[PDB]
Amino acid sequence: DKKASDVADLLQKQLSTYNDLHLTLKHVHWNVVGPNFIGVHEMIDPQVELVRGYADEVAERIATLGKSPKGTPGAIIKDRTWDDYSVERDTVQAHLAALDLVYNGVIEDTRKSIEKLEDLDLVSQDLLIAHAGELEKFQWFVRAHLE
Amino acid sequence: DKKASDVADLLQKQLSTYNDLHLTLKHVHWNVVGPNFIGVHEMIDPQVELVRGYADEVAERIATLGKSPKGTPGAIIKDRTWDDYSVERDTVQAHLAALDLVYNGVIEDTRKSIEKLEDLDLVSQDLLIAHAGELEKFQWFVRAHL
Amino acid sequence: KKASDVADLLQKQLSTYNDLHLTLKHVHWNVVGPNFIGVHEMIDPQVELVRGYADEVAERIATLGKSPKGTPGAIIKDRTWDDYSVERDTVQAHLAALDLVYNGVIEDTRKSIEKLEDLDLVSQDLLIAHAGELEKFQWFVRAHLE
Amino acid sequence: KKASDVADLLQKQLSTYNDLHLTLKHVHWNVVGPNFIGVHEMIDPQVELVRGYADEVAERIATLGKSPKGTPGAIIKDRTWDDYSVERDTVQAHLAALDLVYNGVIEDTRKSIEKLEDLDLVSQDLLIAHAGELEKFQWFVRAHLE
Amino acid sequence: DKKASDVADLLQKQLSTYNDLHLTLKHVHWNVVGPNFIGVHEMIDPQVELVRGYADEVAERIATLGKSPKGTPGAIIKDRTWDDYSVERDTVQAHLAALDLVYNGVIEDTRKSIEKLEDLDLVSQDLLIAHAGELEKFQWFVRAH
Amino acid sequence: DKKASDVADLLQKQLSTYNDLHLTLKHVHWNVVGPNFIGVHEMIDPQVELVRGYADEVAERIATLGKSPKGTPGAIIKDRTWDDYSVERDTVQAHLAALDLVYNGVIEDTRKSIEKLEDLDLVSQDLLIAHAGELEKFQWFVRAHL
Amino acid sequence: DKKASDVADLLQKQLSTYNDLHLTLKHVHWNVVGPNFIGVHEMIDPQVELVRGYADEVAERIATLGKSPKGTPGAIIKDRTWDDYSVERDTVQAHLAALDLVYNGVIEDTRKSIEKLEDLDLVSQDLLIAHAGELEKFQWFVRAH
Amino acid sequence: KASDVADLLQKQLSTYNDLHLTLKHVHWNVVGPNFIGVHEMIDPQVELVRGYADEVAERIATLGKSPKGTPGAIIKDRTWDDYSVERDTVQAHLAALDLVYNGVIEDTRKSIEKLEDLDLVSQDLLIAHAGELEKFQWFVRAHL
Amino acid sequence: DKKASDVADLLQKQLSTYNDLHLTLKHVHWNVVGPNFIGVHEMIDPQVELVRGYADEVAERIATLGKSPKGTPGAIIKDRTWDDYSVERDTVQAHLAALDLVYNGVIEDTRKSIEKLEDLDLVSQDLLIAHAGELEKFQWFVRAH
Amino acid sequence: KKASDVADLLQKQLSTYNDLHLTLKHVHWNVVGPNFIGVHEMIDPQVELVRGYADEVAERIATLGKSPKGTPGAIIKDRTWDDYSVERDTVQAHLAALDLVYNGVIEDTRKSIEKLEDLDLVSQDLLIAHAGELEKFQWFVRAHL
């Protein structure tokens with residue numbers, strides 16, 4: 001019942017990460033104009049439904065590992081190690097760029113967390129792993145879209 | 001231009017209102033334990049969606065009016081005027097209890113904006129009122145425990 | 001040869017799964033009173049899952065090169081606990097005893113997982129699965145009573 | 001009255017189906033060779049069908065006031081036969097040693113139906129269906145002429 | 001950075017294993033004949049559909065890692081390490097026999113890579129960890145002796 | 001049954017042409033990037049399944065005509081008269097360009113194989129005739145985005 | 001080229017047949033009266049959609065073959081051979097009988113173009129063999145007295 | 001009045017008949033990186049205009065007359081020229097189409113300024129279209 | 001006024017070759033026995049629904065050309081060029097085999113009718129060419145050597 | 001002793017169902033005029049049943065140890081009545097003959113069900129159900145009013 005605390009804490013941050021992410025992901029959708037902003041929409045939409053479920057997968061685990069997932073704004077700014085999204089109603093070319101860097105962060109933490117878990121809660125590692133999969137893939141989608 | 005500027009601000013306030021709201025529902029969703037707790041799960045769901053999309057409709061007008069909707073963890077706490085949500089792993093009565101409270105101020109705020117518009121924007125008003133309806137009916141349902 | 005030791009873990013694991021989707025089918029058979037259906041609505045689906053994890057782990061055994069033993073005599077053989085006592089009763093009563101069964105299953109599954117990191121990651125990724133799912137049904141059950 | 005005199009049979013008939021179906025899966029994981037999917041395709045519809053019989057004679061013990069034990073121990077205790085022991089083996093084998101298994105079950109299902117004549121009036125007729133159906137499978141299985 | 005080049009390198013080698021495989025696989029589909037020969041069909045189609053999938057998967061993965069995949073026949077001979085599948089218009093016990101050995105090659109190699117990535121990129125490892133499960137599964141099934 | 005062999009030999013050469021085609025096609029799917037890159041995706045998919053289909057159609061044919069179709073890397077190469085596809089991760093207005101070229105040779109040989117089939121087999125010709133249409137068409141589709 | 005252009009023409013002439021054919025097909029839908037008039041709409045509706053398809057299939061082909069299918073009206077009145085459906089609002093019969101006569105001079109030309117291509121463009125010919133057999137049924141259909 | 005109307009309606013019919021022949025025409029002829037953006041914006045609009053013809057045709061049958069829908073009539077009662085543009089780029093065709101629609105929307109606006117003295121019913125069917133046609137032009141002018 | 005008279009009759013022989021074939025097929029289906037015997041059922045059945053299908057196409061095509069399709073036991077014995085299926089309740093091998101025999105005849109006759117049509121009727125040709133594809137294919141399928 | 005001539009009457013019934021559906025499709029490829037689909041519409045689902053009867057009347061000939069003869073020359077042999085005889089002909093002309101067709105079919109079925117009073121079991125629980133839905137069809141004909 002000791003190590004089960006450390007675990008529930010990495011996942012807690014991750015929850016917030018996802019929440020801020022999927023929140024931001026919606027922010028971009030609304031704030032995109034210029035070129036093929038539709039191509040962006042059709043790219044962000046499924047990333048929102050997914051990143052959203054991730055925050056749900058990550059939540060229930062914390063619940064199971066004897067603890068309460070905090071998914072409120074005030075909460076997801078306490079865990080937040082980085083800063084708010086800055087791009088207003090701008091371009092795809094500036095937005096994808098913004099998102100490129102957002103993921104630079106999400107991708108990393110996720111890694112430096114899957115990396116922190118082996119010895120602790122493996123069932124939880126795999127979760128954050130399968131996630132990193134689609135996480136990293138999307139950040140590429142963002143990149144190719146922009147070359 | 002300036003009228004549109006203030007309609008936005010109002011709609012920006014509402015945007016955040018909603019965004020905090022649908023983020024809460026999921027929170028109460030992951031943390032509601034109890035005997036018939038699954039009915040809360042069952043009620044949160046259609047709502048979570050309903051709200052998530054209402055946040056969408058308002059972020060359409062803000063942009064329409066030439067202003068940038070802001071639905072990020074900052075924007076929400078920045079123009080907020082309520083607490084977070086104190087309820088953790090708790091009982092059906094516990095959430096349903098504060099969940100009701102949440103929907104009071106939320107509609108209170110809404111009921112104001114709908115009037116704070118009247119003069120200004122008919123269209124954007126004819127919107128928030130509709131929101132107020134489904135926001136009421138739900139609470140009405142939340143208000144009916146045991 | 002190497003698989004001859006990993007086959008052991010999985011063969012014990014299977015039988016645990018066989019025990020369970022028998023025991024689990026047992027309580028679903030034996031409950032009366034208050035909330036009748038809500039339980040069969042929660043158990044049925046899990047029943048099918050444990051039969052799944054039974055069928056799967058078995059296959060993985062027949063794959064590594066041994067005859068997966070899945071007969072009653074093959075169960076009690078590797079079983080390391082007493083049978084399931086609770087006969088007819090209520091929901092709050094079975095779910096309570098059911099909780100401790102799982103603690104056992106989870107425990108050993110969790111245990112068997114830690115034992116595989118060095119021998120067969122395939123079989124592990126497969127336990128890792130049943131693990132995370134089973135644990136949900138713990139919390140789930142745990143959360144039906146207050 | 002005559003109730004607790006009949007139960008000692010519908011139990012050793014519920015467990016009959018239990019040891020029957022559980023063996024089905026066991027064989028299902030071991031039938032190997034040219035037309036092995038042959039066996040696979042014929043076991044699956046029975047497995048569930050025989051599971052449907054474990055149920056029918058599990059409820060008519062709860063209804064007829066009692067608690068049917070569908071657990072490991074509640075099988076090795078009232079087991080009147082021996083554990084199915086065909087390993088990872090050819091269709092040829094399993095189908096044969098599966099003819100016998102069915103013959104014996106249809107042997108009990110014969111004696112018991114007859115030993116429950118001038119007592120119960122519908123339990124016998126429910127049981128008759130299984131005698132009817134379980135028999136039907138043997139035909140198909142007795143097409144072990146390949 | 002260097003590591004990613006040695007992950008992409010293994011993943012590229014793995015890719016060619018899937019490409020040669022599903023080509024080989026379909027190839028078999030066309031020449032397996034006899035009595036219950038459709039069995040081989042009914043058996044093969046999903047594996048081909050699956051191996052082809054894994055290809056796209058491990059490919060997209062290399063793409064994600066900053067190296068670009070190679071699905072061309074020159075690229076799969078340029079990093080194979082075994083000769084083309086042999087059997088032509090033959091029997092079930094003939095193809096299945098060889099196809100076993102083929103998969104011996106696949107799995108044995110897939111395992112190598114898993115253990116070899118265990119110290120580089122678990123994400124990619126999860127990817128192979130998964131396939132491995134299925135590949136080995138087919139192997140068993142192929143062993144309708 | 002001496003001219004049938006000649007037909008087959010043509011079809012086999014056609015076979016490897018398709019195989020190299022669909023492998024190459026997916027190879028571009030995986031590498032094409034830029035703003036409109038998903039567009040190329042969208043055009044390539046229906047083609048890739050189409051081609052894979054032809055590959056099947058032709059083999060089945062050879063096999064029918066009493067010869068044995070070859071679908072392995074060597075085979076593809078052995079009867080290949082062209083250069084391996086050469087673009088890596090690259091722009092649309094690049095992959096389509098090189099892909100435009102690939103197709104000319106495909107269509108060229110497909111025309112040739114047709115004419116050569118004139119006095120040989122109208123059936124094989126009719127098959128190849130069909131493909132030619134969806135292949136020639138696809139190239140227009142390729143040289144329109146250019 | 002040298003020839004491909006000639007093909008493009010046989011095909012262009014065809015396109016206008018098709019266009020002027022569905023312009024006309026619709027024309028009668030509008031102008032049909034009488035008792036069993038819905039028996040007509042019933043058969044026309046799906047043929048209109050079909051003949052528009054063909055128009056496309058042909059247009060995209062001309063496009064594939066070097067360029068510029070022309071589908072405007074001044075382009076129809078041009079490479080047309082026939083008059084112009086003169087029938088107005090009339091008996092089902094009054095139309096079917098007339099329409100029957102239209103399909104004649106279409107199949108007639110469509111048959112010419114096929115023969116005309118056995119030596120020029122085998123791929124395109126395949127495309128007009130597809131339509132030929134279809135339109136021809138519809139005329140048999142129309143020949144429901 | 002409805003022979004002064006069955007005229008305007010017929011002139012309208014062909015405007016729609018020409019439009020949708022000409023529309024499917026630019027569809028076949030667009031080329032360049034994103035000619036599909038056009039393909040994907042012509043399609044529904046093509047079914048629409050065909051729809052519009054379909055309608056104004058019924059109207060001409062109701063007022064007890066004959067809808068003329070053959071190439072003959074179209075060239076006859078029209079007052080403009082064939083769509084000039086062949087295989088050309090998207091900016092090329094969109095510009096032409098944007099110009100094509102003025103004529104059609106402009107003419108339609110006229111038949112509406114007329115039908116107000118004669119048959120509001122049709123003058124309504126026409127108003128409907130005008131707005132929808134007006135909107136396609138908008139959508140179309142969005143190109144850069 | 002005669003181009004058809006020859007062609008149509010040419011299609012009628014074809015039509016009856018099918019009407020025969022699909023009953024024979026159905027015949028075999030009621031007469032295959034022994035070990036597994038169902039491999040045949042799963043094989044034949046789809047094929048009958050195919051042949052019965054071809055029976056129409058060609059009948060309709062006969063009907064479309066101007067003459068009348070005669071698909072009654074009368075014609076299928078008259079324009080026949082062989083003898084009835086001579087196999088009763090027998091094994092798969094001796095049956096599937098004898099069925100292979102039937103196909104040789106059906107393909108050879110068709111190939112002939114396909115040639116005869118070269119410069120005569122291409123639509124009726126790219127209709128037989130179509131059947132020959134699936135008819136040859138079956139004969140192969142059949143050949144469970 | 002009569003066992004061989006009991007099912008003998010079924011082999012008779014067998015071919016009739018054949019001749020019947022073969023006829024149907026013939027009339028089907030030939031019924032024409034204003035409301036010809038009208039006849040098509042009613043004929044299709046019937047052919048299913050009729051062919052099913054020939055499947056059901058064969059699933060029996062087989063069981064009591066006998067070879068079901070379902071070939072063209074088997075019909076004309078164990079036949080009695082007249083080969084059909086109507087091509088491109090009016091709506092009523094076919095319905096009319098399709099009537100008479102069934103009469104001789106209904107007549108015999110009953111004349112056989114009767115000859116099977118003191119003999120076969122499910123046969124006298126079969127040809128009725130048949131004769132039922134057959135006799136049914138016969139009324140469904142009668143050309144409106």
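Cut-off values and rules
Residues numbered from 1 in each chain as written, not as in the entry; some residues may be left out. Chains lettered and ligands numbered in written order. Heavy atoms only, no water. Residues with missing side-chain atoms left out of burial classes, pairs and counts. Helix = DSSP H or I, 4+ residues; strand = E, 2+ residues; numbered from the N terminus. Rg over C-alpha atoms; globule rule 2.2 N^0.38 Å. Contact = heavy atoms within 4.5 Å. Buried area = accessible area lost by both parts, 1.4 Å probe. Salt bridge = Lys/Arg side-chain N within 4 Å of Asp/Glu carboxyl O. Polar contact = N/O pair within 3.5 Å; in protein donor to acceptor, adjacent residues only side chain to side chain. UniProt positions renumbered as here; feature names shortened; annotations may be inferred. Buried < 20%, exposed > 50% of the residue type's maximum accessible area, 1.4 Å probe, protein only.

**As for the overall build of chain E**
Next up, step 1: Looking only at helices and strands, one finds five helices and zero strands in chain E.
Next up, step 2: Counting helices and strands in the order they occur from the N terminus, chain E gives α-α-α-α-α.
Next up, step 3: Here the C-alpha radius of gyration of chain E, 16 Å, is about what a compact globule of 145 residues would show, namely 15 Å.
Next up, step 4: Taken along its principal axes, the extent of the C-alpha atoms in chain E is 55 × 30 × 20 Å.

**Quick notes on the interface of chain E and chain F**
Note on interface size: it is often stated as the accessible area lost on association of the parts.
Next up, step 1: Contacts between the two partners involve 32 residues from chain E and, on the opposite side, 34 residues from chain F.
Next up, step 2: If you sort the residues of chain E by the area they bury against chain F, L23, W30 and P73 of chain E come out on top, with a joint share of 26%.
Next up, step 3: Where chain E packs against chain F, one counts three salt bridges.
Next up, step 4: We note a salt bridge from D56 of chain E to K26 of chain F, for which the minimum N-O separation is 2.7 Å.
Next up, step 5: At the junction of chain E with chain F, the criterion picks out 17 residue pairs in polar contact.
Next up, step 6: Only helix 1 (2-31), helix 2 (38-64) and helix 3 (73-77) of chain E provide two or more residues apiece to the side of chain E that touches chain F.
Next up, step 7: Per-element tally for the side of chain E that touches chain F: the top contributor is helix 1 of chain E, with ten residues.

**Concerning the UniProt feature "binding site: Fe cation 2" in chain E**
Next up, step 1: When the UniProt feature table is mapped onto this chain, "binding site: Fe cation 2" is found at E60 of chain E.
Next up, step 2: For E60 of chain E, the position within the fold is in helix 2.

**Things to note about the UniProt feature "binding site: Fe cation 1" in chain E**
Next up, step 1: Here the UniProt-annotated "binding site: Fe cation 1" positions come out as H29, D56 and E60 of chain E. These annotated residues cover 32 residues of sequence, and their C-alpha atoms sit far apart, with the largest distance between any two at 26.8 Å.
Next up, step 2: Not counting the four nearest positions on each side in its chain, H29 of chain E is found in contact with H41, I44 and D45 of chain E.
Next up, step 3: Accessibility expressed as a relative area gives 14% for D56 of chain E, which makes it buried.
Next up, step 4: Once you skip the residues sitting within four places of it in the chain, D56 of chain E turns out to touch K26 and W30 of chain F.

**Looking at the UniProt feature "binding site: Fe cation 1" in chain A**
Residue and element names in this part refer to chain A.
Next up, step 1: UniProt's entry tags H29, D56 and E60 with the feature "binding site: Fe cation 1", counted in the numbering of this structure.
Next up, step 2: Relative to the assigned elements, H29 resides in helix 1 (residues 3-30).
Next up, step 3: Here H29 is in contact with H41, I44 and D45, once residues within four sequence places are set aside.
Next up, step 4: Within the fold, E60 resides in helix 2 (residues 37-64).
Next up, step 5: Judged by relative accessible area, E60 falls into the partly exposed class, the value being 40%.

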